[PDB]
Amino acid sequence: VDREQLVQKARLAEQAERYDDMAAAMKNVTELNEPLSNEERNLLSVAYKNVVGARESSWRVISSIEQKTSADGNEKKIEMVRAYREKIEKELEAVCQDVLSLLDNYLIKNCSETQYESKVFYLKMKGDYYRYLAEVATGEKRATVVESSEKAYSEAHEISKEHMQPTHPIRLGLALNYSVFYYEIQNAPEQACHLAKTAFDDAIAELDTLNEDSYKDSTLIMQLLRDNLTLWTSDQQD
């Protein structure tokens, strides 16, 4: 099985929406120890985002049922519901750790000093998945991963500001996710609103730095930024 066979399998899996296959295929690609292309990077990210997302959805549904079942007072139920939520939870964690291992030992690791774009991408991912862990963790567990997510987002932010156009989709993407981190995890709506607001204004101020390759991505992400600001400026008035 060649590398191209794997990337192709990953493309097929995505179309079949069998994302478990997709990640596994992109993981094997990553484990070939060679750098990832833009597309390969995209596939890897998309694959693992959907896997972690699927688990997350199911985790929220069961965790929601674990709230009802306990409030009711039933005992036999709380046992199985809790145990099932922990099963899903352990799957979600194992997935994130799976991505994080790839980022720490392959992608970020083998990045040269001149590859800022990739380093920001991978550092943003690192932040994303540590963030996904934070959502299902508590106490020392949560604080620690919330810390790792912070460190990652922060490092990526530093690089992006120093090496990327404010309109670069990767920098905008970082801003979006980082701001979300602030709002949802840090519970810091001001910082969240600020980062997003700043990022959006910076891109506009240099709205001329757009390029053919990714003007669509940029504008779209800029729109997502404004959306969040709108979605936050309402919750912060109720």
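Just count from 1 along the sequence shown to find any residue number.
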| Mean Cα B-factor comparison, 20-28 or 215-223, giving the higher one as deposited | 215-223
| query | Given the B-factors recorded for C-alpha atoms, which segment has the greater mean, 71-79 or 160-168? | reply | 71-79
| Of the options 40, 206, 56, 34, which has the highest CA B factor as deposited? | 206
| field | Options 133, 111, 95, 123 - largest CA temperature factor per the record | value | 111
| task | Please place residue 199 in the lowest, middle or highest third of its chain by C-alpha B factor as given in the entry. | result | middle
| Considering only modelled residues of the same chain, in which third does the CA B-factor of residue 99 rank: lowest, middle or highest? | lowest
| request: Comparing against every modelled residue in the chain, figure out the third that the C-alpha B-factor of residue 180 lands in (lowest, middle or highest). | output: middle
| If you rank every modelled residue in this chain by C-alpha B factor, which third holds residue 46: lowest, middle or highest? | lowest
| query | Compared with the other modelled residues in the chain, in which third is the CA B-factor of residue 107? | reply | lowest
